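Next comes query.pdb, with PDB, N, CA and C atoms and all ligand atoms.
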```pdb
ATOM      1  N   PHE A   1     -48.487  -1.355  19.973
ATOM      2  CA  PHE A   1     -49.179  -0.368  20.788
ATOM      3  C   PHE A   1     -49.780   0.748  19.948
ATOM      4  N   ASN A   2     -50.796   1.384  20.532
ATOM      5  CA  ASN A   2     -51.402   2.598  19.995
ATOM      6  C   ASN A   2     -51.769   3.477  21.188
ATOM      7  N   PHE A   3     -51.171   4.663  21.249
ATOM      8  CA  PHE A   3     -51.425   5.648  22.299
ATOM      9  C   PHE A   3     -52.110   6.854  21.668
ATOM     10  N   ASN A   4     -53.440   6.866  21.734
ATOM     11  CA  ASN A   4     -54.320   7.904  21.208
ATOM     12  C   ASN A   4     -53.908   8.393  19.828
ATOM     13  N   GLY A   5     -53.646   7.467  18.917
ATOM     14  CA  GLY A   5     -53.308   7.844  17.566
ATOM     15  C   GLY A   5     -51.914   7.423  17.159
ATOM     16  N   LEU A   6     -50.985   7.397  18.112
ATOM     17  CA  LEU A   6     -49.598   7.029  17.834
ATOM     18  C   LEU A   6     -49.523   5.525  17.638
ATOM     19  N   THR A   7     -49.225   5.091  16.424
ATOM     20  CA  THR A   7     -49.160   3.671  16.104
ATOM     21  C   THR A   7     -47.697   3.260  16.053
ATOM     22  N   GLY A   8     -47.341   2.204  16.783
ATOM     23  CA  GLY A   8     -45.971   1.730  16.742
ATOM     24  C   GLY A   8     -45.725   0.376  17.370
ATOM     25  N   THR A   9     -44.455  -0.008  17.459
ATOM     26  CA  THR A   9     -44.048  -1.281  18.030
ATOM     27  C   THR A   9     -42.895  -1.042  18.986
ATOM     28  N   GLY A  10     -42.852  -1.814  20.060
ATOM     29  CA  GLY A  10     -41.746  -1.692  20.986
ATOM     30  C   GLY A  10     -42.116  -2.175  22.366
ATOM     31  N   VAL A  11     -41.127  -2.117  23.233
ATOM     32  CA  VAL A  11     -41.223  -2.519  24.626
ATOM     33  C   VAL A  11     -41.532  -1.291  25.461
ATOM     34  N   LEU A  12     -42.490  -1.434  26.374
ATOM     35  CA  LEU A  12     -42.946  -0.357  27.248
ATOM     36  C   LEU A  12     -42.264  -0.521  28.594
ATOM     37  N   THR A  13     -41.669   0.548  29.102
ATOM     38  CA  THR A  13     -41.017   0.487  30.401
ATOM     39  C   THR A  13     -41.274   1.762  31.197
ATOM     40  N   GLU A  14     -41.171   1.662  32.521
ATOM     41  CA  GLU A  14     -41.294   2.836  33.375
ATOM     42  C   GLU A  14     -40.242   3.871  33.018
ATOM     43  N   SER A  15     -40.671   5.120  32.894
ATOM     44  CA  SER A  15     -39.768   6.185  32.507
ATOM     45  C   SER A  15     -39.314   6.996  33.712
ATOM     46  N   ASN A  16     -38.426   7.946  33.435
ATOM     47  CA  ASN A  16     -38.044   8.934  34.434
ATOM     48  C   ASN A  16     -38.078  10.342  33.852
ATOM     49  N   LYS A  17     -38.790  10.550  32.749
ATOM     50  CA  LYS A  17     -38.970  11.858  32.144
ATOM     51  C   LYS A  17     -40.174  12.556  32.754
ATOM     52  N   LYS A  18     -40.215  13.875  32.584
ATOM     53  CA  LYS A  18     -41.294  14.693  33.123
ATOM     54  C   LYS A  18     -41.840  15.594  32.029
ATOM     55  N   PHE A  19     -43.043  15.245  31.584
ATOM     56  CA  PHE A  19     -43.797  16.004  30.618
ATOM     57  C   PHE A  19     -44.584  16.864  31.586
ATOM     58  N   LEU A  20     -44.871  18.100  31.211
ATOM     59  CA  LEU A  20     -45.562  18.996  32.106
ATOM     60  C   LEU A  20     -46.988  18.814  31.646
ATOM     61  N   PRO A  21     -47.974  19.099  32.581
ATOM     62  CA  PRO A  21     -49.365  18.879  32.135
ATOM     63  C   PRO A  21     -49.748  19.245  30.696
ATOM     64  N   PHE A  22     -48.850  19.887  29.965
ATOM     65  CA  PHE A  22     -49.161  20.254  28.596
ATOM     66  C   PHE A  22     -48.412  19.393  27.589
ATOM     67  N   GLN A  23     -47.602  18.465  28.084
ATOM     68  CA  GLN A  23     -46.825  17.601  27.205
ATOM     69  C   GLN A  23     -47.413  16.201  27.012
ATOM     70  N   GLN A  24     -47.471  15.741  25.767
ATOM     71  CA  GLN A  24     -48.023  14.427  25.456
ATOM     72  C   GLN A  24     -47.083  13.338  24.969
ATOM     73  N   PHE A  25     -45.858  13.663  24.565
ATOM     74  CA  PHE A  25     -44.966  12.619  24.073
ATOM     75  C   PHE A  25     -43.664  13.136  23.519
ATOM     76  N   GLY A  26     -42.659  13.217  24.370
ATOM     77  CA  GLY A  26     -41.372  13.735  23.961
ATOM     78  C   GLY A  26     -40.475  12.948  23.037
ATOM     79  N   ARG A  27     -40.457  13.300  21.759
ATOM     80  CA  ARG A  27     -39.589  12.604  20.826
ATOM     81  C   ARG A  27     -38.135  12.904  21.150
ATOM     82  N   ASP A  28     -37.230  12.100  20.600
ATOM     83  CA  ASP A  28     -35.806  12.223  20.840
ATOM     84  C   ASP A  28     -35.158  13.034  19.726
ATOM     85  N   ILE A  29     -33.852  13.206  19.822
ATOM     86  CA  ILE A  29     -33.076  13.826  18.762
ATOM     87  C   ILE A  29     -33.178  12.882  17.579
ATOM     88  N   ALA A  30     -33.293  13.450  16.378
ATOM     89  CA  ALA A  30     -33.566  12.742  15.129
ATOM     90  C   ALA A  30     -35.065  12.539  14.944
ATOM     91  N   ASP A  31     -35.866  13.178  15.793
ATOM     92  CA  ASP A  31     -37.309  13.277  15.607
ATOM     93  C   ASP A  31     -38.050  11.946  15.570
ATOM     94  N   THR A  32     -37.835  11.086  16.558
ATOM     95  CA  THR A  32     -38.579   9.840  16.666
ATOM     96  C   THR A  32     -39.183   9.753  18.057
ATOM     97  N   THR A  33     -40.421   9.276  18.139
ATOM     98  CA  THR A  33     -41.111   9.148  19.416
ATOM     99  C   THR A  33     -40.333   8.237  20.344
ATOM    100  N   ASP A  34     -40.078   8.702  21.564
ATOM    101  CA  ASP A  34     -39.332   7.910  22.537
ATOM    102  C   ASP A  34     -40.085   7.673  23.848
ATOM    103  N   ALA A  35     -41.121   8.466  24.104
ATOM    104  CA  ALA A  35     -41.890   8.322  25.324
ATOM    105  C   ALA A  35     -43.320   8.739  25.043
ATOM    106  N   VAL A  36     -44.268   8.125  25.745
ATOM    107  CA  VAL A  36     -45.675   8.477  25.631
ATOM    108  C   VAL A  36     -46.259   8.572  27.030
ATOM    109  N   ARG A  37     -47.482   9.073  27.074
ATOM    110  CA  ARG A  37     -48.209   9.202  28.310
ATOM    111  C   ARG A  37     -49.588   8.601  28.081
ATOM    112  N   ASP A  38     -49.905   7.564  28.845
ATOM    113  CA  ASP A  38     -51.177   6.861  28.768
ATOM    114  C   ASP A  38     -52.334   7.801  28.524
ATOM    115  N   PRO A  39     -53.397   7.300  27.906
ATOM    116  CA  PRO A  39     -54.573   8.125  27.619
ATOM    117  C   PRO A  39     -55.676   7.904  28.648
ATOM    118  N   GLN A  40     -55.302   7.777  29.917
ATOM    119  CA  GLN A  40     -56.284   7.562  30.965
ATOM    120  C   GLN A  40     -55.584   7.010  32.189
ATOM    121  N   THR A  41     -54.519   7.686  32.594
ATOM    122  CA  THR A  41     -53.741   7.276  33.754
ATOM    123  C   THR A  41     -52.603   8.266  33.893
ATOM    124  N   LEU A  42     -52.189   8.807  32.755
ATOM    125  CA  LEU A  42     -51.127   9.787  32.711
ATOM    126  C   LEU A  42     -49.797   9.268  33.201
ATOM    127  N   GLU A  43     -49.452   8.051  32.825
ATOM    128  CA  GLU A  43     -48.180   7.502  33.239
ATOM    129  C   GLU A  43     -47.240   7.650  32.073
ATOM    130  N   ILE A  44     -46.035   8.129  32.333
ATOM    131  CA  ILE A  44     -45.053   8.295  31.274
ATOM    132  C   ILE A  44     -44.258   7.007  31.150
ATOM    133  N   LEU A  45     -44.169   6.490  29.931
ATOM    134  CA  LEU A  45     -43.526   5.218  29.647
ATOM    135  C   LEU A  45     -42.543   5.405  28.506
ATOM    136  N   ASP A  46     -41.338   4.868  28.668
ATOM    137  CA  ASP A  46     -40.378   4.855  27.572
ATOM    138  C   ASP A  46     -40.634   3.698  26.630
ATOM    139  N   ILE A  47     -40.337   3.970  25.374
ATOM    140  CA  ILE A  47     -40.527   3.061  24.286
ATOM    141  C   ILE A  47     -39.173   2.832  23.657
ATOM    142  N   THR A  48     -38.939   1.630  23.163
ATOM    143  CA  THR A  48     -37.668   1.329  22.541
ATOM    144  C   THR A  48     -37.870   0.182  21.588
ATOM    145  N   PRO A  49     -37.187   0.254  20.385
ATOM    146  CA  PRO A  49     -37.419  -0.893  19.494
ATOM    147  C   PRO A  49     -37.024  -2.168  20.219
TER     148      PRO A  49
ATOM    149  N   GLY B   1      11.967  15.882  25.879
ATOM    150  CA  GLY B   1      11.118  16.347  26.955
ATOM    151  C   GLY B   1      10.229  17.514  26.589
ATOM    152  N   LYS B   2      10.672  18.386  25.695
ATOM    153  CA  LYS B   2       9.820  19.496  25.291
ATOM    154  C   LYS B   2       8.589  19.064  24.515
ATOM    155  N   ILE B   3       8.544  17.834  24.008
ATOM    156  CA  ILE B   3       7.415  17.423  23.185
ATOM    157  C   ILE B   3       6.131  17.403  23.997
ATOM    158  N   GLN B   4       6.180  16.918  25.236
ATOM    159  CA  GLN B   4       4.961  16.917  26.042
ATOM    160  C   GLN B   4       4.424  18.322  26.266
ATOM    161  N   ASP B   5       5.297  19.298  26.491
ATOM    162  CA  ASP B   5       4.835  20.664  26.704
ATOM    163  C   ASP B   5       4.044  21.178  25.511
ATOM    164  N   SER B   6       4.459  20.831  24.299
ATOM    165  CA  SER B   6       3.730  21.283  23.127
ATOM    166  C   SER B   6       2.379  20.601  22.986
ATOM    167  N   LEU B   7       2.133  19.530  23.738
ATOM    168  CA  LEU B   7       0.865  18.807  23.637
ATOM    169  C   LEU B   7      -0.054  19.124  24.812
ATOM    170  N   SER B   8       0.456  19.020  26.032
ATOM    171  CA  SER B   8      -0.338  19.304  27.227
ATOM    172  C   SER B   8      -0.384  20.799  27.527
ATOM    173  N   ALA B   9      -2.711  20.428  16.650
ATOM    174  CA  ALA B   9      -1.950  19.209  16.889
ATOM    175  C   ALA B   9      -2.662  18.006  16.279
ATOM    176  N   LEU B  10      -3.576  17.423  17.046
ATOM    177  CA  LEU B  10      -4.281  16.213  16.636
ATOM    178  C   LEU B  10      -5.597  16.529  15.946
ATOM    179  N   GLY B  11      -5.690  17.682  15.290
ATOM    180  CA  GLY B  11      -6.879  18.024  14.537
ATOM    181  C   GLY B  11      -7.142  17.121  13.356
ATOM    182  N   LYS B  12      -6.096  16.538  12.767
ATOM    183  CA  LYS B  12      -6.304  15.603  11.667
ATOM    184  C   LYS B  12      -6.997  14.333  12.125
ATOM    185  N   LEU B  13      -6.828  13.954  13.384
ATOM    186  CA  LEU B  13      -7.499  12.787  13.907
ATOM    187  C   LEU B  13      -8.916  13.082  14.340
ATOM    188  N   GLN B  14      -9.167  14.274  14.873
ATOM    189  CA  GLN B  14     -10.515  14.660  15.237
ATOM    190  C   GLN B  14     -11.391  14.879  14.015
ATOM    191  N   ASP B  15     -10.835  15.417  12.928
ATOM    192  CA  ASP B  15     -11.584  15.569  11.686
ATOM    193  C   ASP B  15     -12.124  14.258  11.140
ATOM    194  N   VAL B  16     -11.389  13.161  11.270
ATOM    195  CA  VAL B  16     -11.915  11.885  10.799
ATOM    196  C   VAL B  16     -13.150  11.489  11.592
ATOM    197  N   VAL B  17     -13.098  11.650  12.909
ATOM    198  CA  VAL B  17     -14.236  11.380  13.774
ATOM    199  C   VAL B  17     -15.409  12.294  13.447
ATOM    200  N   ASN B  18     -15.145  13.572  13.212
ATOM    201  CA  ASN B  18     -16.201  14.525  12.931
ATOM    202  C   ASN B  18     -16.904  14.213  11.624
ATOM    203  N   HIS B  19     -16.143  13.886  10.581
ATOM    204  CA  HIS B  19     -16.751  13.635   9.283
ATOM    205  C   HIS B  19     -17.689  12.446   9.319
ATOM    206  N   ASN B  20     -17.326  11.385  10.022
ATOM    207  CA  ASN B  20     -18.258  10.280  10.101
ATOM    208  C   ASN B  20     -19.437  10.595  11.019
ATOM    209  N   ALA B  21     -19.204  11.294  12.127
ATOM    210  CA  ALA B  21     -20.321  11.638  12.994
ATOM    211  C   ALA B  21     -21.330  12.519  12.279
ATOM    212  N   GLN B  22     -20.854  13.436  11.453
ATOM    213  CA  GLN B  22     -21.744  14.298  10.701
ATOM    214  C   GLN B  22     -22.529  13.541   9.648
ATOM    215  N   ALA B  23     -21.931  12.544   8.991
ATOM    216  CA  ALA B  23     -22.707  11.772   8.030
ATOM    217  C   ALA B  23     -23.750  10.891   8.700
ATOM    218  N   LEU B  24     -23.483  10.417   9.902
ATOM    219  CA  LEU B  24     -24.475   9.616  10.606
ATOM    220  C   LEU B  24     -25.581  10.450  11.228
ATOM    221  N   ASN B  25     -25.277  11.662  11.667
ATOM    222  CA  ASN B  25     -26.301  12.567  12.171
ATOM    223  C   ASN B  25     -27.205  13.086  11.055
ATOM    224  N   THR B  26     -26.648  13.380   9.882
ATOM    225  CA  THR B  26     -27.435  13.757   8.718
ATOM    226  C   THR B  26     -28.286  12.614   8.172
ATOM    227  N   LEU B  27     -27.739  11.407   8.093
ATOM    228  CA  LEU B  27     -28.494  10.273   7.590
ATOM    229  C   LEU B  27     -29.744  10.011   8.415
ATOM    230  N   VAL B  28     -29.650  10.135   9.733
ATOM    231  CA  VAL B  28     -30.820   9.951  10.569
ATOM    232  C   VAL B  28     -31.784  11.117  10.423
ATOM    233  N   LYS B  29     -31.294  12.348  10.379
ATOM    234  CA  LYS B  29     -32.201  13.475  10.276
ATOM    235  C   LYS B  29     -32.996  13.478   8.982
ATOM    236  N   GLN B  30     -32.469  12.912   7.907
ATOM    237  CA  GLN B  30     -33.178  12.857   6.644
ATOM    238  C   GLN B  30     -34.397  11.956   6.670
ATOM    239  N   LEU B  31     -34.679  11.283   7.769
ATOM    240  CA  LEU B  31     -35.913  10.523   7.859
ATOM    241  C   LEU B  31     -37.109  11.386   8.218
ATOM    242  N   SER B  32     -36.889  12.579   8.745
ATOM    243  CA  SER B  32     -37.992  13.478   9.018
ATOM    244  C   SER B  32     -38.211  14.462   7.883
ATOM    245  N   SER B  33     -38.469  13.966   6.680
ATOM    246  CA  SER B  33     -38.697  14.791   5.505
ATOM    247  C   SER B  33     -39.860  14.181   4.744
ATOM    248  N   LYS B  34     -40.772  15.010   4.245
ATOM    249  CA  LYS B  34     -41.938  14.519   3.508
ATOM    250  C   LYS B  34     -41.743  14.352   2.000
ATOM    251  N   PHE B  35     -40.717  14.993   1.461
ATOM    252  CA  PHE B  35     -40.398  14.878   0.043
ATOM    253  C   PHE B  35     -41.608  15.130  -0.837
ATOM    254  N   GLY B  36     -42.562  15.911  -0.349
ATOM    255  CA  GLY B  36     -43.738  16.223  -1.130
ATOM    256  C   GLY B  36     -44.867  15.229  -1.003
ATOM    257  N   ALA B  37     -44.731  14.373   0.016
ATOM    258  CA  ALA B  37     -45.658  13.299   0.348
ATOM    259  C   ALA B  37     -46.614  13.755   1.426
ATOM    260  N   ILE B  38     -47.393  12.828   1.973
ATOM    261  CA  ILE B  38     -48.401  13.182   2.980
ATOM    262  C   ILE B  38     -47.890  13.304   4.414
ATOM    263  N   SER B  39     -46.930  12.466   4.778
ATOM    264  CA  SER B  39     -46.321  12.477   6.105
ATOM    265  C   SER B  39     -45.108  11.579   6.032
ATOM    266  N   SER B  40     -44.308  11.539   7.083
ATOM    267  CA  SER B  40     -43.091  10.755   7.029
ATOM    268  C   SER B  40     -43.002   9.545   7.919
ATOM    269  N   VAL B  41     -44.093   9.157   8.556
ATOM    270  CA  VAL B  41     -44.048   7.986   9.400
ATOM    271  C   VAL B  41     -44.733   6.898   8.631
ATOM    272  N   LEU B  42     -43.966   5.967   8.097
ATOM    273  CA  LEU B  42     -44.529   4.880   7.320
ATOM    274  C   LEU B  42     -45.771   4.250   7.919
ATOM    275  N   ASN B  43     -46.098   4.604   9.149
ATOM    276  CA  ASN B  43     -47.280   4.065   9.784
ATOM    277  C   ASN B  43     -48.459   4.964   9.492
ATOM    278  N   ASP B  44     -48.290   6.250   9.738
ATOM    279  CA  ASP B  44     -49.376   7.172   9.495
ATOM    280  C   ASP B  44     -49.877   6.849   8.115
ATOM    281  N   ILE B  45     -49.068   7.169   7.123
ATOM    282  CA  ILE B  45     -49.401   6.912   5.743
ATOM    283  C   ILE B  45     -50.039   5.556   5.517
TER     284      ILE B  45
HETATM  285  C1  LIG C   1     -62.303   6.784  32.459
HETATM  286  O1  LIG C   1     -63.204   5.891  33.149
HETATM  287  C2  LIG C   1     -62.538   4.804  33.809
HETATM  288  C3  LIG C   1     -63.619   3.909  34.368
HETATM  289  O2  LIG C   1     -63.180   2.559  34.447
HETATM  290  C4  LIG C   1     -61.583   5.348  34.876
HETATM  291  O3  LIG C   1     -60.860   4.266  35.455
HETATM  292  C5  LIG C   1     -60.958   4.282  36.898
HETATM  293  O4  LIG C   1     -60.367   5.468  37.483
HETATM  294  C6  LIG C   1     -60.458   5.528  38.916
HETATM  295  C7  LIG C   1     -59.859   6.853  39.333
HETATM  296  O5  LIG C   1     -58.442   6.782  39.408
HETATM  297  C8  LIG C   1     -59.743   4.328  39.536
HETATM  298  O6  LIG C   1     -59.914   4.352  40.948
HETATM  299  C9  LIG C   1     -60.304   3.029  38.970
HETATM  300  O7  LIG C   1     -59.555   1.924  39.464
HETATM  301  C10 LIG C   1     -60.256   3.036  37.443
HETATM  302  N1  LIG C   1     -60.854   1.825  36.906
HETATM  303  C11 LIG C   1     -60.137   0.760  36.534
HETATM  304  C12 LIG C   1     -60.919  -0.404  36.002
HETATM  305  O8  LIG C   1     -58.914   0.737  36.621
HETATM  306  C13 LIG C   1     -60.606   6.343  34.256
HETATM  307  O9  LIG C   1     -59.827   6.961  35.274
HETATM  308  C14 LIG C   1     -61.348   7.423  33.469
HETATM  309  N2  LIG C   1     -60.408   8.316  32.811
HETATM  310  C15 LIG C   1     -60.512   9.648  32.860
HETATM  311  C16 LIG C   1     -59.454  10.417  32.129
HETATM  312  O10 LIG C   1     -61.423  10.206  33.463
END
```
Please render this file's structure as structure tokens.
Amino acid sequence: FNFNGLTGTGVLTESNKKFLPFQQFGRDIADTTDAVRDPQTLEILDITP
Amino acid sequence: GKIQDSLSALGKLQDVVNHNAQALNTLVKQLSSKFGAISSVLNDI
């Protein structure tokens, strides 16, 4: 996958996190991307190796 | 019977758990370091 610049690999699943209109991708503890928001739908999806 | 009252101590057992948890939390955090490089995500680079 690539989400507007974020290059990675993993399984995409429906999330239950809430980024506020100013949030684009909440990384987890240990500073690794864990969720993204589509670049033309605004759906929040969890990512996991 | 008084032994339970003194319990309800085990700091030597919690320290073993803490020392390993701290080494695993540090080992993961050391991946977000540039070491004088361009970035830290083997993908960006
Ligand atoms: C960018 O343009 C595309 C055009 O395809 C937009 O996609 C459509 O958006 C409307 C509004 O929700 C939907 O009803 C359509 O079904 C979408 N098209 C398809 C093929 O799914 C998209 O929303 C636009 N993005 C932005 C941010 O404006």
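Counting all atoms listed in the file, the residue from A:12, A:44, A:20, A:30 that sits nearest to chain B is A:30.
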List the residues selected by the PyMOL selection byres (((not hetatm)) within 7 of (chain C and resi 1)) in the file shown, writing them as a PDB file with N, CA and C atoms, in the coordinates of the input.
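Okay, this is what ended up in result01.pdb:
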```
ATOM      1  N   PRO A  39     -53.397   7.300  27.906  1.00  0.00           N
ATOM      2  CA  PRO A  39     -54.573   8.125  27.619  1.00  0.00           C
ATOM      3  C   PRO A  39     -55.676   7.904  28.648  1.00  0.00           C
ATOM      4  N   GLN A  40     -55.302   7.777  29.917  1.00  0.00           N
ATOM      5  CA  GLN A  40     -56.284   7.562  30.965  1.00  0.00           C
ATOM      6  C   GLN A  40     -55.584   7.010  32.189  1.00  0.00           C
ATOM      7  N   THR A  41     -54.519   7.686  32.594  1.00  0.00           N
ATOM      8  CA  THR A  41     -53.741   7.276  33.754  1.00  0.00           C
ATOM      9  C   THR A  41     -52.603   8.266  33.893  1.00  0.00           C
TER      10      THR A  41
END
```
task: Could you state which residues are captured by the PyMOL selection byres (((chain B and resi 35-43 and name CA) around 9) and not hetatm and name CA) in this file, as a ChimeraX atom specification?
output: /A:6-8 /B:31-34,44-45
task: Can you work out the spacing between atom CA of residue 23 of chain A and atom CA of residue 35 of chain A in Å, to one decimal?
output: 10.7 Å
- request: Have a look at atom C of residue 49 of chain A and atom N of residue 9 of chain A and let me know their distance in Å, one decimal.
  value: 8.2 Å
query: If you measure from atom C of residue 24 of chain A to atom C of residue 46 of chain A, what distance in Å do you get, rounded to one decimal?
result: 11.7 Å
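Distance annotation: of A:48, A:5, A:22, A:14, the residue with the minimal separation from residue 34 of chain A is A:48; atom set is all atoms listed in the file.
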Return segment 3-24 of chain A, completed with N, CA, C and O atoms, as a CSV table (one decimal), in the frame of the given file.
```csv
chain,number,residue,atom,x,y,z
A,3,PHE,N,-51.2,4.7,21.2
A,3,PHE,CA,-51.4,5.6,22.3
A,3,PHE,C,-52.1,6.9,21.7
A,3,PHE,O,-51.4,7.7,21.1
A,4,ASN,N,-53.4,6.9,21.7
A,4,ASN,CA,-54.3,7.9,21.2
A,4,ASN,C,-53.9,8.4,19.8
A,4,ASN,O,-53.8,9.6,19.6
A,5,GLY,N,-53.6,7.5,18.9
A,5,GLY,CA,-53.3,7.8,17.6
A,5,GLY,C,-51.9,7.4,17.2
A,5,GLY,O,-51.7,7.1,16.0
A,6,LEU,N,-51.0,7.4,18.1
A,6,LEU,CA,-49.6,7.0,17.8
A,6,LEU,C,-49.5,5.5,17.6
A,6,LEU,O,-49.7,4.8,18.6
A,7,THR,N,-49.2,5.1,16.4
A,7,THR,CA,-49.2,3.7,16.1
A,7,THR,C,-47.7,3.3,16.1
A,7,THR,O,-46.9,3.9,15.4
A,8,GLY,N,-47.3,2.2,16.8
A,8,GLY,CA,-46.0,1.7,16.7
A,8,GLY,C,-45.7,0.4,17.4
A,8,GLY,O,-46.7,-0.3,17.8
A,9,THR,N,-44.5,0.0,17.5
A,9,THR,CA,-44.0,-1.3,18.0
A,9,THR,C,-42.9,-1.0,19.0
A,9,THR,O,-42.1,-0.2,18.8
A,10,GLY,N,-42.9,-1.8,20.1
A,10,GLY,CA,-41.7,-1.7,21.0
A,10,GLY,C,-42.1,-2.2,22.4
A,10,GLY,O,-43.2,-2.6,22.6
A,11,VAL,N,-41.1,-2.1,23.2
A,11,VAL,CA,-41.2,-2.5,24.6
A,11,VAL,C,-41.5,-1.3,25.5
A,11,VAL,O,-40.9,-0.2,25.3
A,12,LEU,N,-42.5,-1.4,26.4
A,12,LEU,CA,-42.9,-0.4,27.2
A,12,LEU,C,-42.3,-0.5,28.6
A,12,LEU,O,-42.3,-1.6,29.2
A,13,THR,N,-41.7,0.5,29.1
A,13,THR,CA,-41.0,0.5,30.4
A,13,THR,C,-41.3,1.8,31.2
A,13,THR,O,-41.6,2.8,30.6
A,14,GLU,N,-41.2,1.7,32.5
A,14,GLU,CA,-41.3,2.8,33.4
A,14,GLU,C,-40.2,3.9,33.0
A,14,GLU,O,-39.1,3.6,32.9
A,15,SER,N,-40.7,5.1,32.9
A,15,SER,CA,-39.8,6.2,32.5
A,15,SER,C,-39.3,7.0,33.7
A,15,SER,O,-39.7,6.8,34.8
A,16,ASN,N,-38.4,7.9,33.4
A,16,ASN,CA,-38.0,8.9,34.4
A,16,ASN,C,-38.1,10.3,33.9
A,16,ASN,O,-37.5,11.2,34.4
A,17,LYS,N,-38.8,10.6,32.7
A,17,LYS,CA,-39.0,11.9,32.1
A,17,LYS,C,-40.2,12.6,32.8
A,17,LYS,O,-41.0,11.9,33.4
A,18,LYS,N,-40.2,13.9,32.6
A,18,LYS,CA,-41.3,14.7,33.1
A,18,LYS,C,-41.8,15.6,32.0
A,18,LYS,O,-41.2,16.6,31.6
A,19,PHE,N,-43.0,15.2,31.6
A,19,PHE,CA,-43.8,16.0,30.6
A,19,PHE,C,-44.6,16.9,31.6
A,19,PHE,O,-44.9,16.4,32.7
A,20,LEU,N,-44.9,18.1,31.2
A,20,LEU,CA,-45.6,19.0,32.1
A,20,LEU,C,-47.0,18.8,31.6
A,20,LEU,O,-47.2,18.4,30.5
A,21,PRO,N,-48.0,19.1,32.6
A,21,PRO,CA,-49.4,18.9,32.1
A,21,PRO,C,-49.7,19.2,30.7
A,21,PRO,O,-50.9,18.9,30.3
A,22,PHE,N,-48.8,19.9,30.0
A,22,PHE,CA,-49.2,20.3,28.6
A,22,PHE,C,-48.4,19.4,27.6
A,22,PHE,O,-48.6,19.6,26.4
A,23,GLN,N,-47.6,18.5,28.1
A,23,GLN,CA,-46.8,17.6,27.2
A,23,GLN,C,-47.4,16.2,27.0
A,23,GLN,O,-47.8,15.5,28.0
A,24,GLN,N,-47.5,15.7,25.8
A,24,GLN,CA,-48.0,14.4,25.5
A,24,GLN,C,-47.1,13.3,25.0
A,24,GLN,O,-47.5,12.2,24.9
```
